[PDB]
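Note that we place each Cβ from the backbone using ideal geometry, even for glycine, and neighbour counts take in every protein chain shown. No value in this document is a laboratory result; all are computed from the given coordinates.
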Amino acid sequence: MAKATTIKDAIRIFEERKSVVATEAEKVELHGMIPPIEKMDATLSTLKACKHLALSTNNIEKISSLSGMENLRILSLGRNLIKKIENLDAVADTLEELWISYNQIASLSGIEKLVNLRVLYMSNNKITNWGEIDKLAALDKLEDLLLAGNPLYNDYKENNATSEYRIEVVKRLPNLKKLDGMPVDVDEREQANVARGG
C-alpha cells in the first residue's frame, strides 16, 4: 500500500511497498493506491513521462494534480472510488481509452466528463443520479462506453433497458457509436428492424 505525497516518496514508496517500476515510466502498472491521495507531485513531474496508468483498487479522497493526469491517454483500472470532482475534467479531456471495471462516482461534472471521453469500460460503476446522469452522461453523443453494473442502469431495467438503449442508438443514431454494446446480443439486426422498420 503506497501512500501519495511527493514524486520521490510516491515512487520510492511504490517501489518498496507495491514493488512496482514507476521511475517516471510512460506506462506504470500499480495494484492499489492510497484513499487520502490529494497532492500528486509524482503525476506533475511524471506527466512528461506519462501515457498509460494501470491500477487495481484505488480510493480517491482528493486530487490536486489534475494537470498531471491531464496528459493521461490509457487507464487500465479495475476498481476506483471517487466522491468529488477535481481531475475527471482534464483527465476526461486527455484520456482516450479508460478501462475501469469498478468505479463509484457522485459528481455531475465527473460523470459528464469521464463519459464524454472517447472509449470507456464500466461493468461495475456506481451512479444513482438517473435524473441528470441518464441524458447528461453523453447519452445522446457518447462515442464508446460499456455500462453493465450500477443502480442507474439497473434502475431502468437490468437486461430490459440496456438492449432498449441499443435500439435507441440504432434508431436515434446521432453521434455515439457504441452506447453500451453489452446488450447487442446480435439482436440489433432484428430488434432495431422491428423498431426502426416501423
J(HN,Hα) series, the stretch 146-158, from Karplus relation 6.51 cos²θ - 1.76 cosθ + 1.60, nearest Hz, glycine and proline x: 9, 10, 9, x, 4, x, 4, 4, 4, 5, 4, 3, 1
Ellipsoid semi-axes in whole angstrom, largest first, where each is sqrt(5λ) of the Cα gyration tensor of the stretch 1-119: 21, 15, 13
So which of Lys18/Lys83; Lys48/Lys141; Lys3/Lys83; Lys8/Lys39 end up more than 21 Å apart, counting from Cα to Cα? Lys18/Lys83; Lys48/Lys141
In degrees from 0 to 90, rounded to the nearest 10, what is the angle of the helix 162-172 Cα long axis to the longest principal axis of the chain? 70 degrees
Mean shadow area of the stretch 49-117 over all directions, Cα convex hull, nm²: 3.9 nm²
Defining a contact as two alpha carbons under 8 Å apart and six or more residues distant in sequence, what relative contact order in percent does the chain show? 12 percent
Using the Cβ atoms and a cut-off under 10 Å, what net charge is assigned to the surroundings of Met1, where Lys and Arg are +1 and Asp and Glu are -1? +3
